[PDB]
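Q:
Number of protein chains: 2
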Amino acid sequence: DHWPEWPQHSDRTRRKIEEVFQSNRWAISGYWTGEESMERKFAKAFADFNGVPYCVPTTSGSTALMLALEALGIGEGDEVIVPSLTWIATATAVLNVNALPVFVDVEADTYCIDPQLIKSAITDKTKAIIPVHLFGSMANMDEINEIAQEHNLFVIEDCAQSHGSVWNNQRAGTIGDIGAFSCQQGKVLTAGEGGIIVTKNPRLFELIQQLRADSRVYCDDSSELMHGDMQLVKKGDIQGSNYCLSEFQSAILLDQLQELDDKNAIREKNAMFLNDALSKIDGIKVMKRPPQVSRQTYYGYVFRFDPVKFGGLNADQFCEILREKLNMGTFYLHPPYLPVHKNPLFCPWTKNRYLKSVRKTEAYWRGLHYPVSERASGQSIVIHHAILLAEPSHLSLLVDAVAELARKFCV
Amino acid sequence: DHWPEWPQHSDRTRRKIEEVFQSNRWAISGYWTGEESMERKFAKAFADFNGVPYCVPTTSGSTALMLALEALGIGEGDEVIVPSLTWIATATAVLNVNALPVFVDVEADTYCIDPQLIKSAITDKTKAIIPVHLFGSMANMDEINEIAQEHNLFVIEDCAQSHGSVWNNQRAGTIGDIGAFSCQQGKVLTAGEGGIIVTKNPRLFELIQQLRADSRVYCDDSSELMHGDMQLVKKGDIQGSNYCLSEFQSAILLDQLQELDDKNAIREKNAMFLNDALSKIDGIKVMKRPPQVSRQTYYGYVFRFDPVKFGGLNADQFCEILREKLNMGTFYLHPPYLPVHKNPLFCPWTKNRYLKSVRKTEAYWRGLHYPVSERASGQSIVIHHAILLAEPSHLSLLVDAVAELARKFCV
Ligand SMILES: *Cc1c(COP(=O)(O)O)cnc(C)c1O
Ligand SMILES: *Cc1c(COP(=O)(O)O)cnc(C)c1O
């Protein structure tokens, strides 16, 4: 018996792959072979799951974010507000469309973009905001939508770490103008690599299709197609490139989606258990869950600690101790990563592909200051969601480990 | 008995997929699970196949072209020469890096970029050329390399339609500074979606890795990795995004690569047979194969006809007749598509993501004039490579069909 690992599959996953082989259609750009593509089947299923009208699968979360921006007409001379604490893609997607990402610090108890700091970052160039529902929390969409409405700004939800979360009875991604998701191996819904884009607007739906299929859209009626006909047809309303997801991946996502809500329920149940237990340890502070959140998807379970009460340990050392005591990998228990502006992987100034005006210089980005997002990697622990799938008796070990470590520093 | 179809797979393909499931590592960004990734295994195999030092798999042919340009430092203010007759990606990849694609017509008997027209298109802004080995021919690399050397220009080979072709004992893609390939469903080496980048330069190799893995590169030594360790590590010499190929696709490509050279040999053998037979029909002109080509990979078999000798038929009508007589789908027998500048899918002016200076206007592109590439779609027939895998007796039917049609217009 060991800790739950990730990814996870079953014979159902295998059968979906076999279905792709049987259809002999490996791409949506391939021709019709008799029945609907895995892409459309997944898109329809995910649309119902999110209670959103339109869904367009794509290649990755990074590309989903990029196309979302393109669909909204964002480009050179524009500014896009994003949180400092998130994966660098949230910011590089902006640079990819020739726009300038503008960082805003996150809230101390949610690690999501601080609404009260967004207003000060708005300029005449600001065109949109990309809130990120980080780890196991949601950005305050009540506040964000209010700011967006008042300042005429678009909203793109980066839901790569929150498939299925619910804010005021709306699934994450359906709240903003366009929702973007990642299906990379570590995420709760994955096919190794993959992306998803959702929107409520019909026009954006057509634009997004074209943006990912070299300016093409689905034919008028797929029920009329005969074996050998193309399902994608020319449109040309907006220039796109090839960002189509392979049928093999759409098939795996279809399979994984079948158990997504239930597994999320299990993770959430265990997360609350941890909140109850861990919150009773002096010096330990769990994240603050807003009343508006009725369902929280935990891509990562996060809890913070007071170094003053824990022998001055940094998150790295804290995690090392826990991992040795619980015998779990670094991939499953570790501190949050560095904020984007300080992250070595974020280095815009290194390539000519980026406009000189937006890539700036190393000093410009590295010199930015966002206290909360910066201190996060030094005093908080992240538990990968796979662990949240373990039996309660096993999770207790984690709580005991933290308790033991606390008793050691208790004077 | 019917015509060969595409894609094609066997139990070997299935076993590779099963290996991915067994490893439980679905992405190269996932952690090490004991043995080498499918990505590295494929990269190594393809490198040996191409006799090229470095190979980096990616998401698509379009993205492969784009990253190749980024790796070479191409950006705003630059011009890149590309042929007018090719898939639009060859040109949109340039626009994707903020550079301006500059069209040059193709040769009447090869449909590949005319070397003698490139010189006139060179300006002080020109930084590179992207020759395309279109359908079943190769661009004249002797001439192109000479021009590139004299004008200090980089060369990127678009090999999406020529996996395995050989010019003067060098596989297509290994000749220029960087080679780009597509593994989309219709290509000779496919996994539904997929891309490949190859290069002889060590520095470019590192840059390309970072460009497709969020600024990361492979660890120093994979033999030291333990189960749970990450194989990708930070580098930060150049800004990249996530363009990693899923393990499922690398596995299928590994399988398909096993029989690529032999199937290409079969296609080539049949292509020559068609050249011999069809060339004996008055009004039919096969493509001209250069002496430098020792191995020609036929993604598409092309032959042209003289409308004057064929009742004034256009390629569309010619193909319709053949398809009805041979009973084969539109996907397998059809005329070449429109040149990029006239292609409805090519519409740069429609999105703000592109610099105003490079997207120009509809009239600017649509108003371009490239005679040869334009007449191609009206008087030539393209046979998909799958058909070139049929038994010789079956191909004879195609020759007979063309002969019958010719006898009908013979006065
Ligand atoms: C994983 C992730 C991404 C990017 O998705 P990819 O599939 O890796 O391209 C973007 N934003 C967040 C918050 C993510 O967690
Ligand atoms: C197919 C193709 C591409 C693009 O590859 P994708 O995998 O479709 O992105 C580019 N150039 C040529 C010549 C192609 O045939």
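Chains as they are written, first to last, in the numbering used here: chain A, 1 to 411; chain B, 1001 to 1411.
Note that the Cβ used here is the ideal one computed from N, Cα and C, for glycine as well.
(1) Can you tell which of B/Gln1209, B/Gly1329, B/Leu1069, B/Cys1159 has the C-alpha that lies nearest to the C-alpha of B/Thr1126?
(2) Who are the near neighbours of B/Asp1229 in its chain, counting only those whose CB is closer than 7 Å to its CB and skipping five residues on each side?
(3) Any heavy atom of ligand 1 closer than 7 Å to the CB of A/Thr86?
(4) Which chain A residues sit within Cβ distance under 7 Å of B/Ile1197?
(5) Against B/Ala1191, what residues of chain A qualify as contacts under a CB-to-CB distance less than 8 Å, listed in chain order?
(6) Please state whether DSSP places A/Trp167 in a helix, a strand or coil.
(7) Compare the C-beta of A/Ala89 with all C-beta atoms of chain B and state if any pair is closer than 8 Å.
(8) Would you call the CB atoms of residue 1000 of chain B and B/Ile1208 closer than 8 Å?
(9) Going by beta carbon distance, what residues of the same chain come within less than 8 Å of A/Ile17, once the five residues before and after it are set aside?
(10) Would DSSP call B/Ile1074 helix, strand or coil?
(11) Closest by CA to B/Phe1303, which one among B/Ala1271, B/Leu1326, B/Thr1330?
(12) Any beta-carbon of chain E closer than 8 Å to the one on B/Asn1314?
(13) Could you tell me which chain A residues have their CB closer than 7 Å to the CB of B/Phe1331, listed as they occur along the chain?
(14) For the alpha helix (DSSP H) containing A/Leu257, list its first residue and its last residue.
(15) Do B/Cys1159 and B/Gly1173 come within 8 Å of each other at the CB atom, strictly closer than that value?
(16) Distance cutoff 8 Å, beta carbons only. Does A/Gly367 sit that close to anything in chain B?
(17) Going by the C-beta, is B/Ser1182 closer than 7 Å to any heavy atom of ligand 2?
(18) Flag A/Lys187 as yes when its Cβ comes closer than 7 Å to any non-hydrogen atom of ligand 1, and as no otherwise.
(19) Starting from the Cα of A/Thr123, find the closest Cα among A/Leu333, A/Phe103, A/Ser279, A/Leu134 and give me that residue.
(20) So what's B/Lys1016 in DSSP terms, helix, strand or just coil?
(21) Can a CB atom of chain B be found closer than 8 Å to the CB of A/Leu345?
(22) Under a Cβ-count criterion, where at least 16 other Cβ atoms within 10 Å of its own Cβ denotes burial, should A/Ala89 be classed as buried or exposed?
(23) With hydrogens ignored, establish whether the beta-carbon of A/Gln249 is closer than 7 Å to any heavy atom of ligand 1.
(24) Does DSSP put B/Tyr1364 in a helix, a strand or coil?
(25) Rounded to the nearest angstrom, how far is the Cβ of residue 419 of chain A from that of A/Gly176, given a contact under 8 Å?
(26) Measuring only between beta-carbons, confirm whether B/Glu1076 sits less than 8 Å from chain A.
(27) Going along chain B, which residues have a C-beta under 8 Å from A/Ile238?
(28) Just confirm the distance between the C-beta atoms of B/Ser1084 and B/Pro1339, as a whole number of angstroms; I'd bet it's less than 8 Å.
(29) Answer with buried or exposed for B/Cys1319, where buried requires no fewer than 16 other C-beta atoms within 10 angstroms of its C-beta.
(30) Taking Cβ to Cβ, would you say B/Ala1277 is nearer than 8 Å to B/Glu1005?
(31) From the beta carbon of B/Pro1202, is the nearest beta carbon of chain A less than 8 Å away?
(32) With H, G and I counted as helix, E and B as strand and the rest as coil, what does DSSP make of A/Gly61?
(33) Secondary structure at B/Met1230, three-state DSSP: helix, strand or coil?
(34) Any heavy atom of ligand 2 closer than 7 Å to the Cβ of A/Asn242?
(35) I need the DSSP call for B/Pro1392, collapsed to helix, strand or coil.
(36) For B/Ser1222, tell me which candidate among B/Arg1212, B/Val1233, B/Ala1213 has the shortest Cα-Cα distance.
A: From the atom records:
(1) As a first step, residue 1126 of chain B is located in the second sequence; it is residue number 126 there, counting from the start. Per the Cα distances, B/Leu1069.
(2) Within the second sequence, numbered from 1, the residue matching residue 1229 of chain B stands at position 229. Scanning its chain for C-beta atoms nearer than 7 Å, with the 5 sequence neighbours on each side dropped, one finds around B/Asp1229 the residues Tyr1031, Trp1032, in chain order.
(3) The residue labelled residue 86 of chain A in the question sits at position 86 within the first sequence. Answer for A/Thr86: yes, Cβ within range of ligand 1.
(4) On the second sequence, position 197 is the one that residue 1197 of chain B refers to. Ordered by position in chain A, no residue passes the 7 Å Cβ test against B/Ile1197, which lies about 15 Å from the chain.
(5) As a position in the second sequence, residue 1191 of chain B is number 191, starting the count at 1. Per Cβ cutoff of 8 Å: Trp26, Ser246, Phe248.
(6) Here residue 167 of chain A refers to the residue found at position 167 when the first sequence is read from its first residue. When secondary structure is reduced to three states using DSSP, A/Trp167 falls in the strand class.
(7) Your numbering for residue 89 of chain A matches position 89 in the first sequence. Answer yes: the Cβ-Cβ gap between A/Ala89 and chain B drops below 8 Å somewhere.
(8) Residue 1000 of chain B falls outside the range modelled here, since chain B spans only 1001 to 1411, and no answer is possible.
(9) Here residue 17 of chain A is taken as the residue at index 17 of the first sequence, counted from 1. The answer, listed in chain order, is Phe248, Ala251, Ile252.
(10) Here residue 1074 of chain B is taken as the residue at index 74 of the second sequence, counted from 1. Of the three classes helix, strand and coil, the one that applies to B/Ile1074 here is coil, per DSSP.
(11) Counting from one through the second sequence, the residue named residue 1303 of chain B turns up at place 303. Considering only B/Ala1271, B/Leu1326, B/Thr1330, the residue with the shortest C-alpha distance to B/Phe1303 is B/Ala1271.
(12) Of the protein chains in the structure, A and B, none is chain E.
(13) By 1-based counting over the second sequence, the position of residue 1331 of chain B is 331. Against B/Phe1331, the close residues of chain A are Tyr31, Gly228, in the order they occur along the chain (beta-carbon pairs closer than 7 Å).
(14) Indexing the first sequence from 1 puts residue 257 of chain A at position 257. Going by DSSP, A/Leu257 is part of the alpha helix (DSSP H) stretching over 247 to 257.
(15) Along the second sequence, one-based indexing puts residue 1173 of chain B at 173. Along the second sequence, one-based indexing puts residue 1159 of chain B at 159. Contact flag set, yes.
(16) Here residue 367 of chain A corresponds to residue number 367 of the first sequence, with the count starting at 1. No - not a single Cβ of chain B is within 8 Å of the one on A/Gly367.
(17) Along the second sequence, one-based indexing puts residue 1182 of chain B at 182. The beta carbon of B/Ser1182 sits closer than 7 Å to at least one heavy atom of ligand 2.
(18) Working through the first sequence from its first residue, we reach residue 187 of chain A at position 187. Checking every heavy atom of ligand 1 against the Cβ of A/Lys187, one is found closer than 7 Å.
(19) On the first sequence, position 123 is the one that residue 123 of chain A refers to. Per the Cα distances, A/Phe103.
(20) Taking the first residue of the second sequence as 1, we reach residue 1016 of chain B at position 16. Three-state result, B/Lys1016: helix.
(21) In the first sequence, residue 345 of chain A corresponds to position 345, counting from 1. Contact with chain B is found for A/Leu345, since one of that chain's Cβ atoms lies less than 8 Å from the residue's Cβ.
(22) Counting from 1 along the first sequence, the entry for residue 89 of chain A is found at position 89. Classification of A/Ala89: buried, given that the 10 Å Cβ count is 16 or more.
(23) If you number the first sequence from 1, residue 249 of chain A lands on position 249. Every heavy atom of ligand 1 is 7 Å or more from the Cβ of A/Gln249, so no.
(24) Within the second sequence, the letter at position 364 stands for residue 1364 of chain B. DSSP places B/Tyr1364 in helix when its eight states are reduced to three.
(25) The structure shown has nothing for residue 419 of chain A, since chain A only spans 1 to 411.
(26) To locate residue 1076 of chain B, count along the second sequence from 1; it is residue 76. For B/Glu1076, the answer is yes, since a Cβ of chain A falls inside 8 Å of its Cβ.
(27) By one-based count along the first sequence, residue 238 of chain A stands at place 238. Against chain B, a Cβ distance below 8 Å from A/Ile238 picks out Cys1347, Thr1350, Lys1351.
(28) One-based indexing of the second sequence puts residue 1084 of chain B at position 84. One-based indexing of the second sequence puts residue 1339 of chain B at position 339. Confirmed, Cβ separation roughly 4 Å.
(29) Along the second sequence, one-based indexing puts residue 1319 of chain B at 319. The residue in question, B/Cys1319, is buried, as its Cβ has 16 or more Cβ neighbours within 10 Å.
(30) What you label residue 1277 of chain B is simply residue 277 of the second sequence in a count that begins at 1. What you label residue 1005 of chain B is simply residue 5 of the second sequence in a count that begins at 1. No, the pair does not count as a contact, with Cβ atoms beyond the cut-off.
(31) In the second sequence, the residue the question calls residue 1202 of chain B occupies position 202. Against chain A, the CB of B/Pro1202 has no partner CB under 8 Å away; the residue lies outside that interface.
(32) Residue numbering aside, residue 61 of chain A sits at position 61 when the first sequence is read from its first letter. In this structure, A/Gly61 counts as helix in the three-state DSSP scheme.
(33) Counting from 1 along the second sequence, the entry for residue 1230 of chain B is found at position 230. The answer is strand: DSSP assigns B/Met1230 an E or B state.
(34) Here residue 242 of chain A refers to the residue found at position 242 when the first sequence is read from its first residue. Correct: A/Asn242 has its Cβ closer than 7 Å to ligand 2.
(35) Reading the second sequence from its first residue, position 392 is the one you call residue 1392 of chain B. Taken through DSSP and simplified to helix, strand or coil, B/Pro1392 comes out as helix.
(36) For this step, residue 1222 of chain B is matched to residue 222 along the second sequence. The shortest Cα separation from B/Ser1222 among B/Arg1212, B/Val1233, B/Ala1213 belongs to B/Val1233.
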